[PDB]
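Visitor: below you'll find the sequence and an experimental structure to go with it.
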Amino acid sequence: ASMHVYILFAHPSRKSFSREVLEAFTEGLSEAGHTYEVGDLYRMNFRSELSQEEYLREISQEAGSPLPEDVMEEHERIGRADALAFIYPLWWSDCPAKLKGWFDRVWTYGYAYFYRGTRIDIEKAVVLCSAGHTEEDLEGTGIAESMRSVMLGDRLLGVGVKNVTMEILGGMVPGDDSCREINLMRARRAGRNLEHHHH
Amino acid sequence: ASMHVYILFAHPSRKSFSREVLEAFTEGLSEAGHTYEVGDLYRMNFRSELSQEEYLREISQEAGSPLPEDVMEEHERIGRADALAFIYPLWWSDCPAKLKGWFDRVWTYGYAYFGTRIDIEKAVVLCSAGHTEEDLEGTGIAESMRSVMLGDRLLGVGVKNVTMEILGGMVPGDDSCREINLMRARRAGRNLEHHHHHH
Ligand SMILES: Cc1cc2nc3c(=O)[nH]c(=O)nc-3n(C[C@H](O)[C@H](O)[C@H](O)COP(=O)(O)O)c2cc1C
Ligand SMILES: Cc1cc2nc3c(=O)[nH]c(=O)nc-3n(C[C@H](O)[C@H](O)[C@H](O)COP(=O)(O)O)c2cc1C
């Protein structure tokens, strides 16, 4: 059955490998008959810093407290989705600040977590992260593990996403296209195969 | 010997536990004869998003290419220091987007990596968390944070020695761990000079 994905995309450039990954993933989605919408956070000029007001609201732990309009819009986008996707380059072993801020501001008390329960209704999340380092190298530095723990674990499974998968699209150092085609295939496959998961 | 510390502080609120942590840490530094400068990133209106123009510069990998004025100022502040400190609340298992963006923008090619130009004897991380350090150690999050913050972002750019204190148990409405955590923060300032040496 057709699924609808909300894809969070975090990159300042119009053209970069991350954009190609987005194109490949959506290509795979289309082949399988799935749809998507994109939260192109840089192009949206999405505010990434949790404000003093928002912080005080979060600390107050009042699930019915107001949220800013941009966060309300994000929640509406998620509400239309059966799946989430996150497409970004690995910067200093985590997401770009812009996407980190999306978690800080959008994973709100009473929505992503409350006292622990959740209101997020998402069957699957796909993380497609491109890195300069190879997957082999990222495993050795504990960085691959940190990504599974922090991104897949804490930020996704930890807020009620039912199933998660990640492709670390590694080896993407400047001026080296050797891993490009293989990584784009992995992205296409991820979109084509969205409906399938563990049980 | 007296050391100078450049302290990166990341929190939107005028009053928070992190602010008291800063106060406790600075008290210890002064007790021990050390000096410091605080970079209050929110107060500074610090731009946390790596822009398209900065991105192109970083990808080009030209050590001598121009840097934004705000980044140049950060490099001067670091240059005056013998030590760095990072004081922030744990948000979604990493630092606030504001501090993440500081790494994205300030750890530039030709400076933080290329070899390194960073000349810093010690970095201290004081991270306040809702979860206890015990629970974070148990789940793998503490290890992830060591791999990411201590490993990649600090040791990985040439910092010679690193320490992280997880000041945990700071859940809303509970002051039970407050005094002990402030004691730890103060101690970290007082004991800044402590370092391992060959037997
Ligand atoms: C600011 C910055 C930080 C980066 N940090 C890492 C890193 O921590 N680990 C890694 O493997 N690659 C790192 N890289 C390399 C990027 O992951 C790589 O350039 C990216 O995946 C390429 O995708 P893009 O063309 O969409 O930018 C970094 C690149 C930049 C510009
Ligand atoms: C947006 C947000 C995200 C948080 N994420 C985490 C987390 O991932 N793990 C954790 O142990 N505590 C988390 N907390 C609890 C904070 O770490 C806690 O509020 C903070 O340490 C208190 O210090 P402060 O008064 O300086 O903000 C989070 C709090 C907020 C507001």
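Guide: Yep, that arrived. Numbers count the residues shown, from 1 in each chain, chains lettered A, B, ... in the order given. Ligands and ions are numbered 1, 2, ... in the order given.

Visitor: when you work out contacts or count neighbours from here on, use the C-alpha atoms and nothing else.
Guide: OK.

Visitor: what sits against the residue of chain A most remote from its centre?
Guide: Taking Cα atoms, centre = their mean as the measure, the residue most remote from the mean C-alpha position of chain A is residue A:60, 26.9 Å away. Counting by Cα atoms under 8 Å, 6 or more residues apart in numbering or on different chains, residue A:60 makes contact with residue B:172.

Visitor: ok, residue A:131 next?
Guide: Residue A:131 neighbours (Cα under 8 Å, 6+ apart): A:89-91, A:168-173.

Visitor: from chain B, how far off is it?
Guide: Residue A:131 sits 13 Å away from chain B, going by Cα to the nearest Cα, to the nearest Å.

Visitor: helix, strand or coil: sort out the most centrally placed residue in chain A for me.
Guide: For chain A, the residue nearest the mean C-alpha position is residue A:86 (2.3 Å; Cα atoms, centre = their mean). Following DSSP: H, G, I helix; E, B strand; the rest coil, the label given to residue A:86 is strand.

Visitor: and the closest residue to residue A:13 other than its chain neighbours, backbone torsions?
Guide: Closest residue to residue A:13 apart from its sequence neighbours, by Cα to Cα, 6 or more residues apart in numbering or on different chains: residue B:52 at 5.6 Å. Dihedral pair for residue B:52: phi -60, psi -40, per degrees, to the nearest 10.

Visitor: what is the burial count for residue B:52?
Guide: Residue B:52 has 14 neighbours, counted by other Cα atoms under 10 Å in any protein chain shown.

Visitor: shouldn't it be in contact with residue A:10?
Guide: No - here residue B:52 lies out of contact with residue A:10, judged by Cα atoms under 8 Å, at a distance of 11.8 Å.

Visitor: can you give me the helices in chain A?
Guide: With helices called from DSSP state H, chain A shows them at A:17-32, A:52-60, A:69-80, A:97-106, A:135-140, A:143-147, A:180-192.

Visitor: how about the third one, does it reach chain B?
Guide: In other words, helix A:69-80. No - Helix A:69-80 stays clear of chain B (Cα under 8 Å from any Cα of the partner chain), getting no nearer than 15.8 Å.

Visitor: residues making contact with that helix?
Guide: By Cα under 8 Å, 6+ apart, helix A:69-80 touches A:4, A:6, A:46, A:84, A:105-106, A:120-121.

Visitor: which of the residues in that helix are buried?
Guide: If you call a residue buried by 16 or more other Cα atoms under 10 Å in any protein chain shown, then helix A:69-80 has these buried ones: A:71, A:74-75, A:77-78.

Visitor: again, but for the last one
Guide: By neighbour count on 16+ other Cα under 10 Å, the buried set for helix A:180-192 is A:180, A:183-184, A:186-192.

Visitor: contacts only, for the residue nearest to the centre of chain A.
Guide: By Cα under 8 Å, 6+ apart, the neighbours of residue A:86 are A:7-9, A:125-129.

Visitor: what's the neighbour count on the residue in chain A that ligand 2 sits nearest to?
Guide: Going by Cα to the nearest ligand atom, ligand 2 is nearest to residue A:104 of chain A, at 4.6 Å. As a burial measure, residue A:104 scores 20 neighbours (other Cα under 10 Å).

Visitor: tell me the contacts of it?
Guide: Residue A:104 neighbours (Cα under 8 Å, 6+ apart): A:48-50, B:91-92, B:96-97.

Visitor: next: residue A:15.
Guide: Per Cα under 8 Å, 6+ apart, neighbours of residue A:15: none.

Visitor: now residue A:38
Guide: Taking Cα under 8 Å, 6+ apart, one finds A:6-9 in contact with residue A:38.

Visitor: if we ignore the residues flanking it in sequence, what's nearest the residue of chain A found nearest chain B?
Guide: Of the residues in chain A, the one nearest chain B is residue A:146, at a distance of 4.4 Å by Cα to the nearest Cα. Leaving aside its chain neighbours, residue A:146 sits nearest to residue B:144 (4.4 Å; criterion: Cα to Cα, 6+ apart).

Visitor: any idea how far the nearest residue to residue A:12 once chain neighbours are set aside is from residue A:11?
Guide: Leaving out its chain neighbours, the residue that sits closest to residue A:12 by Cα to Cα, 6+ apart is residue B:52, at 5.0 Å. For residue B:52, the distance to residue A:11 equals 8 Å [Cα to Cα, to the nearest Å].

Visitor: what residues does chain A have near ligand 1?
Guide: A:16-18, A:89-93, A:130-133, A:172-173 (Cα under 6 Å from any ligand atom).

Visitor: restrict stretch A:30-44 to CA atoms and write it as PDB.
Guide: C-alpha atoms of stretch A:30-44 as PDB (Å, rounded to 0.1, in the frame of the first residue of the first chain):
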ATOM      1  CA  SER A  30       8.000   6.900  -7.000                       C
ATOM      2  CA  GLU A  31       8.800   3.500  -8.500                       C
ATOM      3  CA  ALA A  32       7.000   1.800  -5.600                       C
ATOM      4  CA  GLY A  33       4.100   4.200  -5.800                       C
ATOM      5  CA  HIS A  34       4.800   6.100  -2.500                       C
ATOM      6  CA  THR A  35       4.700   9.800  -2.100                       C
ATOM      7  CA  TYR A  36       6.700  12.300  -0.200                       C
ATOM      8  CA  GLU A  37       6.900  15.900   0.900                       C
ATOM      9  CA  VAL A  38      10.100  17.700   1.700                       C
ATOM     10  CA  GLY A  39      11.100  19.900   4.600                       C
ATOM     11  CA  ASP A  40      14.100  21.700   3.000                       C
ATOM     12  CA  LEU A  41      15.100  23.300   6.200                       C
ATOM     13  CA  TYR A  42      17.700  25.800   4.800                       C
ATOM     14  CA  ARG A  43      15.400  26.800   1.900                       C
ATOM     15  CA  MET A  44      12.500  27.300   4.400                       C
END
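
Visitor: this completes my enquiry, with thanks.
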